[PDB]
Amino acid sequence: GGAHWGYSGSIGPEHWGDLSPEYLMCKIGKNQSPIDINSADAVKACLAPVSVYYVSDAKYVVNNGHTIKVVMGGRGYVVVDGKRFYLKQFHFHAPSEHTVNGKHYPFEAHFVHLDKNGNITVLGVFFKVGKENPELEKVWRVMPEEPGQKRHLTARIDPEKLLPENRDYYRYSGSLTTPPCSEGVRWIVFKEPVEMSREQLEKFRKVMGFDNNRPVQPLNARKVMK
């Protein structure tokens, strides 16, 4: 029900804040995502482990014209700030939205969670090119190739198998990276990348047809914790 937006032309990221009054934060926000994570500038901090309690409740995969998204049943959760944030969906960007020390990864997954009070936590996972990713291949095998199309998953999705083994992370306070770019979003960005094959990357690039990362936004007053 929100105004139409995209990644280029008159509806691209530089214009989002003018597409609708609902999208104001895109242009006036000072706590926007994604960001560059400069590891030296980040603050070493006593960050609590982010406990993962996922379940295999995937409903379908959808190509919504902005990403490839797996929609979940909402029963699995992570624990952040002692609260349960339930896994609602995960989706993908290429190139990465976040950068580390000024460099992109070729691909980034976002696991989007909602607590019962309506607050959002996103877990970000970077991918590098290497070995074929078995869990990703379950989704890729049935990737809808046109926008507006959804497909049944033919294999049981285990979302935790997409996360890195090492669970060290960067944390900061940010926003959604797509309109309305609402703030008050908790970001948990895992430091260790996972792997996907070049073929998997190129399938995503070909199906999408364009890059779908928002440009990095100024840190402003924020510190990233590490």
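So that there is no doubt, residue numbering starts at 1 and follows the sequence shown.
Asker: For the stretches 163-171 and 183-191, which has the higher mean C-alpha B-factor as given in the deposited record?
Answerer: It is 163-171 that shows the higher mean C-alpha B-factor.
Asker: Averaging CA B factors per stretch from the PDB record, which one is higher: 32-40 or 53-61?
Answerer: Per the deposited B-factors, the answer is 53-61.
Asker: Looking at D115, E108, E137, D81, which has the biggest Cα B factor in the entry?
Answerer: So the option with the highest C-alpha B-factor is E137.
Asker: Highest Cα B-factor in the deposition, which of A94, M143, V122, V71?
Answerer: Answer, based on the entry's C-alpha B-factors: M143.
Asker: For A48, does the deposited CA B-factor place it in the lowest, middle or highest third of the chain?
Answerer: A48: CA B-factor falls in the middle third of its chain.
Asker: Within this chain's modelled residues, let me know which third the CA B factor of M225 belongs to: lowest, middle or highest.
Answerer: Lowest third - that is where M225 ends up once the chain's C-alpha B-factors are sorted.
Asker: Taking the C-alpha B-factors as the PDB entry records them, is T154 in the lowest, middle or highest third of its chain?
Answerer: CA B-factor rank for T154: highest third.
Asker: Taking the C-alpha B-factors as the PDB entry records them, is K88 in the lowest, middle or highest third of its chain?
Answerer: Lowest third of the chain for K88's C-alpha B-factor.
Asker: Would you mind checking where the Cα B-factor of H98 ranks among the modelled residues of its chain, as the lowest, middle or highest third?
Answerer: Lowest third - that is where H98 ends up once the chain's C-alpha B-factors are sorted.
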